[PDB]
Amino acid sequence: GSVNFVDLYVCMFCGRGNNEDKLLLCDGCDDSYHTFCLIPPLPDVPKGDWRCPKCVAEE
Amino acid sequence: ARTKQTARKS
Ligand SMILES: [Zn+2]
Ligand SMILES: [Zn+2]
């Protein structure tokens with residue numbers, strides 16, 4: 001949406017001045033999750049379809 | 001995956 005509200009995406013507690021580059025936002029529950037903080041057994045920056053363990057859990 | 005790096009257009 002608007003880039004003005006892009007800084008509101010920071011990992012739960014974690015995410016300040018850190019790995020923010022590898023930071024993901026899961027469409028639907030999309031506030032924040034670092035690829036190694038809480039993601040599938042796959043911690044990498046994905047290059048395909050992204051969704052968190054919980055959202056993939058109910059499709 | 002959408003990242004902080006991508007989302008922003010600098
Ligand atoms: Zn984190
Ligand atoms: Zn999700």
# chains A, B, ... in the order shown; residues from 1 in each chain; ligands from 1
$ interface_residues --of "chain B" --to "chain A" --cutoff "6 Å" --atoms "only C-alpha atoms" --output "JSON list (two decimals) with N, CA and C atoms, in the first residue's frame"
[["chain", "number", "residue", "atom", "x", "y", "z"],
["B", 1, "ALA", "N", 9.35, -13.95, -1.64],
["B", 1, "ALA", "CA", 8.97, -13.31, -0.35],
["B", 1, "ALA", "C", 9.20, -11.81, -0.38],
["B", 2, "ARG", "N", 8.27, -11.06, 0.20],
["B", 2, "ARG", "CA", 8.36, -9.61, 0.25],
["B", 2, "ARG", "C", 9.22, -9.20, 1.44],
["B", 3, "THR", "N", 10.19, -8.33, 1.17],
["B", 3, "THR", "CA", 11.12, -7.88, 2.19],
["B", 3, "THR", "C", 11.13, -6.36, 2.36],
["B", 4, "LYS", "N", 11.79, -5.91, 3.42],
["B", 4, "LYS", "CA", 11.93, -4.48, 3.68],
["B", 4, "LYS", "C", 12.72, -3.84, 2.55],
["B", 5, "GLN", "N", 13.62, -4.65, 1.99],
["B", 5, "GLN", "CA", 14.49, -4.26, 0.89],
["B", 5, "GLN", "C", 13.72, -4.02, -0.40]]
$ residues_around --residues "residue 38 in chain A" --least-positions-apart "3" --cutoff "10 Å" --atoms "only C-alpha atoms" --output "PyMOL selection string"
chain A and resi 11-12+32-35+41-43+52-53
$ select_by_dssp --residues "chain A" --states "alpha helix (DSSP H)" --output "list in words"
residues 53, 54, 55 and 56 of chain A
$ atom_distance --atom1 "CA of residue 30 in chain A" --atom2 "atom 1 (Zn, counted along the ligand's line) of ligand 1"
14.0 Å
$ atom_distance --atom1 "CA of residue 15 in chain A" --atom2 "CA of residue 7 in chain B"
16.2 Å
$ select_by_dssp --residues "chain A" --states "strand (DSSP E or B)" --output "PyMOL selection string"
chain A and resi 23-24+33-34
$ decode --residues "chain A" --atoms "C-alpha atoms" --output "short mmCIF file (atom, residue, chain, number, x, y, z; two decimals), in the first residue's frame"
data_model
loop_
_atom_site.label_atom_id
_atom_site.label_comp_id
_atom_site.auth_asym_id
_atom_site.auth_seq_id
_atom_site.Cartn_x
_atom_site.Cartn_y
_atom_site.Cartn_z
CA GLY A 1 0.00 0.00 0.00
CA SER A 2 1.52 3.26 1.22
CA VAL A 3 5.27 3.44 1.82
CA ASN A 4 4.63 6.00 4.56
CA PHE A 5 3.51 3.17 6.84
CA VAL A 6 6.35 0.79 5.99
CA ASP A 7 8.32 1.22 9.24
CA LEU A 8 5.54 -0.53 11.14
CA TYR A 9 6.98 -3.88 10.06
CA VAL A 10 9.41 -5.00 12.76
CA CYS A 11 9.96 -8.54 14.12
CA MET A 12 8.28 -9.33 17.44
CA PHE A 13 10.44 -7.40 19.93
CA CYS A 14 13.48 -8.28 17.80
CA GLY A 15 14.09 -6.44 14.51
CA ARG A 16 15.72 -3.14 15.48
CA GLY A 17 18.83 -2.27 13.46
CA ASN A 18 19.22 -6.01 12.85
CA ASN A 19 18.30 -8.58 10.12
CA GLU A 20 15.49 -6.24 8.89
CA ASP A 21 16.65 -6.98 5.31
CA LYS A 22 15.65 -10.65 5.64
CA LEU A 23 12.37 -9.51 7.22
CA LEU A 24 9.13 -11.03 5.93
CA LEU A 25 5.50 -9.95 6.11
CA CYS A 26 2.98 -12.79 5.67
CA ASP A 27 -0.04 -11.73 3.56
CA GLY A 28 -2.94 -11.73 6.01
CA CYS A 29 -1.16 -11.84 9.38
CA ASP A 30 1.65 -9.83 7.78
CA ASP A 31 3.03 -7.70 10.62
CA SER A 32 6.50 -9.32 10.95
CA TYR A 33 8.70 -12.47 11.09
CA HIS A 34 12.47 -12.83 10.54
CA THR A 35 13.40 -15.88 8.47
CA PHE A 36 15.09 -17.48 11.50
CA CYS A 37 12.99 -16.08 14.37
CA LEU A 38 9.72 -17.80 13.45
CA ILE A 39 9.24 -19.25 9.97
CA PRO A 40 8.81 -22.81 8.43
CA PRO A 41 11.68 -25.38 8.92
CA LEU A 42 13.06 -23.43 5.95
CA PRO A 43 15.03 -20.38 7.19
CA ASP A 44 16.14 -18.49 4.10
CA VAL A 45 14.81 -15.41 2.30
CA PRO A 46 12.29 -17.21 -0.03
CA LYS A 47 12.07 -16.30 -3.71
CA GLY A 48 8.69 -17.89 -4.37
CA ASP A 49 5.38 -17.99 -2.49
CA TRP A 50 5.61 -16.74 1.09
CA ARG A 51 3.26 -17.54 3.98
CA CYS A 52 3.92 -18.26 7.67
CA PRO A 53 3.50 -21.72 9.35
CA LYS A 54 0.07 -20.75 10.69
CA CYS A 55 -1.46 -19.46 7.46
CA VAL A 56 -0.24 -22.43 5.44
CA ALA A 57 -1.70 -24.60 8.18
CA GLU A 58 -5.26 -23.75 7.15
CA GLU A 59 -5.71 -23.56 3.38
#
